[PDB]
Amino acid sequence: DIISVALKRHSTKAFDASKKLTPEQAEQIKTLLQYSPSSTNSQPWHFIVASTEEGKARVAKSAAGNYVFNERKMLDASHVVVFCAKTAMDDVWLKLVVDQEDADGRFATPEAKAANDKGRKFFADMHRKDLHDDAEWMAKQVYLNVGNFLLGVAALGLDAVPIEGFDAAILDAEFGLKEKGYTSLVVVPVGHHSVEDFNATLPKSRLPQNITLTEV
Amino acid sequence: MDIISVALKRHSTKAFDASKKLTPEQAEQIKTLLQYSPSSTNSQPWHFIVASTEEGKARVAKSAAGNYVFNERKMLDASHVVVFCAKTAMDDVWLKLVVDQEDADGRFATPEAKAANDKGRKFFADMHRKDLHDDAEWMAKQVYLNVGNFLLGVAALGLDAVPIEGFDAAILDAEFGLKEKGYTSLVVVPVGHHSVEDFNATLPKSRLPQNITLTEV
Ligand SMILES: Cc1cc2nc3c(=O)[nH]c(=O)nc-3n(C[C@H](O)[C@H](O)[C@H](O)COP(=O)(O)O)c2cc1C
Ligand SMILES: Cc1cc2nc3c(=O)[nH]c(=O)nc-3n(C[C@H](O)[C@H](O)[C@H](O)COP(=O)(O)O)c2cc1C
Ligand SMILES: NC(=O)N/N=C/c1ccc([N+](=O)[O-])o1
Ligand SMILES: NC(=O)N/N=C/c1ccc([N+](=O)[O-])o1
């Protein structure tokens, strides 16, 4: 079941470059990215899915300097997902989200739509006008998406590794993200592990629940 | 179902049936999901409060105050309610705890492997706690990743849930003495079975189209 998946998945340290996702799997990973929940359904994100050699090479430019030992993961995997967050929460995006919810038939009346918009703005304004942490708030939603994604891809029988060891300034510049209103946060190569993936057979290790978990 | 079915079917439950409890097996399963989430460097910079008694849930629900009152019943009515907390600072005792646990579990072939893993972990941790002074946000991001893993996992178990940011973290922290223990509350997730008042159970899901959010290269 899903608990078996959670207990058996791992962060892949080396990919077999001959092993590709099926077209079906490639569509399934896009669906996972799209259907993640987020605060107010704000979906404050953009994904770059690199599957060509040229595309993956562009992403791998970010595995520079002290991050060079992540480069092969980006090159050898089948599909490499760059998770990006918006850099500021703007009204046009808030309108885009509520209009999409309306198109999907979530509102019975104009009043219901207006109440949803008002509630979304309560949370958005708390972050972007009061706390001034909307960049962080949106980034947190993207990390939530990554968590959904890693479990989902494992459940599809695919290997992956989440990567923070990359140069986001290089990756942003490579895809012109800043000027488009986004910034790169996590890179996740997806594919099938190779024999060089020493982590595939190592035991999982987590802190005991008697440290991390209180029942009340 | 496959996992894509779960992703397409799950929803944020707006009202729970307080008579429908998790089985003992399910209660163990949700704790496993919390524990086994990945995180940057396996830093696991988190604490979970799992409230299953009516007394415990009532206390968590004290945080649904003021502008957050319309999340109160979700917290009272679900079988189990999980409070996801992050560490407020990444200290060296914790970094040692994590590498010592990895060693106990058998991840290192030699003392040199263990040292190299420790060195690599500190490379990342020090970038945040020393260069950028943003380790609190870095750790909070790992907690959000855990929440994403959790919501999909509990849905795949056939359980309803809702992630909640609409709560007063000052009240919740004080209620469980979190700050003085070195933690702060970020997300509350009631888990159980929806009630007849869950208007969201039958509404269509809505997401932005991929032509807006997704570029293939
Ligand atoms: C946000 C995030 C960033 C990570 N960055 C890297 C990375 O740059 N390179 C790498 O090899 N592993 C990376 N990892 C993998 C972690 O070390 C791994 O998740 C952790 O040790 C737990 O092991 P598991 O993923 O096999 O369960 C990262 C994980 C997360 C969650
Ligand atoms: C971090 C986070 C916090 C949220 N906070 C609340 C909340 O306080 N109350 C609530 O009813 N729903 C909350 N939601 C639910 C979102 O509105 C919901 O995830 C989004 O509309 C997408 O719908 P779905 O979860 O049904 O797919 C939150 C979701 C996330 C991810
Ligand atoms: N943040 C969200 O996604 N949605 N929040 C919904 C609600 C409903 C009641 C409250 N509340 O804060 O009382 O937040
Ligand atoms: N951040 C992590 O969890 N683990 N990182 C592992 C590695 C391995 C190589 C690199 N790197 O940055 O080149 O990071």
Side-chain angles (χ1 to χ4, degrees), chain A residues 11 13-14 34-44 62-74 97-98 100-101 104 106 115-116 118-124 126-127 137-138 140-145 147-148 161-167 186-187 199, chain B residues 7-15 38-44 63-75 84 98 116-117 119-125 127-128 138 140 142-144 147-148 150-152 155 160-168 186-190 198-201 203-207:
Chain A
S11 284
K13 300 298 174 158
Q34 177 172 209
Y35 274 88
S36 182
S38 61
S39 162
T40 73
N41 206 22
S42 59
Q43 303 160 258
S62 72
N66 287 316
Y67 304 129
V68 67
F69 281 113
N70 282 324
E71 191 194 15
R72 285 246 65 85
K73 291 154 189 150
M74 300 185 188
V97 168
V98 76
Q100 183 62 55
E101 290 190 325
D104 286 323
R106 288 186 55 83
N116 175 272
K118 182 170 190 296
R120 176 164 306 97
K121 284 166 176 325
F122 173 83
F123 288 98
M126 187 174 299
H127 293 290
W137 174 57
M138 295 180 296
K140 281 164 198 176
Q141 313 314 307
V142 174
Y143 270 75
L144 191 154
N145 196 315
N148 179 269
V161 55
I163 299 177
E164 65 193 332
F166 72 96
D167 190 321
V186 182
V187 177
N199 207 35
Chain B
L8 295 173
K9 284 178 70 159
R10 64 149 294 286
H11 78 289
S12 283
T13 282
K14 300 287 170 172
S39 58
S40 156
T41 71
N42 202 25
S43 59
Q44 301 165 81
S63 72
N67 288 322
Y68 306 127
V69 65
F70 283 111
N71 284 323
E72 183 183 12
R73 286 221 279 174
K74 289 158 204 161
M75 297 188 195
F84 285 78
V98 166
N117 178 89
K119 185 182 187 182
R121 179 165 302 97
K122 280 150 177 187
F123 168 76
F124 284 100
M127 273 194 54
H128 293 102
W138 173 57
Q142 314 314 308
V143 172
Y144 268 76
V147 171
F150 189 72
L151 297 173
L152 182 63
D160 282 322
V162 58
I164 296 173
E165 69 197 325
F167 70 95
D168 189 323
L186 298 183
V187 184
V188 175
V189 184
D198 180 12
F199 61 85
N200 205 32
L203 289 179
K205 302 204 70 63
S206 177
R207 294 292 188 280

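Because only heavy atoms are used, hydrogens play no part in the values below, and waters and symmetry mates are left out as well, while side chains stay in. Whatever order the structure lists ligands and atoms in, that order sets their numbers, starting from 1. Residue numbering restarts at 1 for every chain, and letters A, B, ... go by the order of the sequence lines.
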Between B/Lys14 and ligand 2, does any nitrogen or oxygen pair lie at a separation below 3.5 Å?
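N/O-N/O distance below 3.5 Å exists for this pair.
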Below 3.5 Å, N or O to N or O, backbone or side chain included: is there any such pair between B/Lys205 and ligand 2?
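Yes; at least one N/O pair falls below 3.5 Å.
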Which atoms of ligand 4 are found less than 4.0 Å from any heavy atom of A/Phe69?
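Numbered from 1, ligand 4 contributes 9 (C), 13 (O).
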Are any of the side-chain heavy atoms of A/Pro37 and B/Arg207 separated by less than 4.5 Å?
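The answer is yes, as the side chains (C-beta and beyond) meet within the 4.5 Å cut-off.
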Mind checking whether A/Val68 contacts ligand 4 via backbone (N, CA, C, O), side chain (CB onward), both or neither, at a 4.0 Å heavy-atom cut-off?
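Looking at A/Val68 and ligand 4, just backbone atoms fall under 4.0 Å.
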Does the side chain of A/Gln100 pick up a donor-acceptor pair with the side chain of A/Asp104 at under 3.5 Å?
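Side-chain D/A pair, A/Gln100 to A/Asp104: present.
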Just by distance, no angles: are the side chains of A/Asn41 and A/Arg120 close enough, under 3.5 Å, to form a donor-acceptor pair?
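Looking only at side-chain atoms, A/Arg120 and A/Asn41 do not form any donor-acceptor pair under 3.5 Å.
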From A/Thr40, B/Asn67, A/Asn116 - option closest to atom 2 (C) of ligand 3 by heavy atom:
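Going through A/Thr40, B/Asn67, A/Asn116 one by one, A/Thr40 has the nearest heavy atom to atom 2 (C) of ligand 3.
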Which is closest to atom 1 (C) of ligand 2 in terms of heavy atoms, A/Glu101, A/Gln141, B/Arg10?
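Comparing heavy atoms across A/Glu101, A/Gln141, B/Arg10, the nearest one to atom 1 (C) of ligand 2 lies in A/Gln141.
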Quick one: does A/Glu164 get an N or O within less than 3.5 Å of an N or O on ligand 4?
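Min N/O separation from ligand 4 is below 3.5 Å for A/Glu164.
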Would you mind checking which non-hydrogen protein atom is closest to atom 11 (N) of ligand 4, with the distance to 0.1 Å?
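Answer, as residue, atom name and distance: A/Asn70 ND2, 3.1 Å.
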Any nitrogen or oxygen of A/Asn41, side chain or backbone, less than 3.5 Å from one on ligand 3?
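No: no nitrogen or oxygen of A/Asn41 is under 3.5 Å from one in ligand 3.
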Please classify the B/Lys74 to ligand 3 contact at 4.0 Å (heavy-atom distances, strictly less than): side chain, backbone, both or neither.
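Under 4.0 Å from ligand 3, B/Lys74 contributes side-chain atoms alone.
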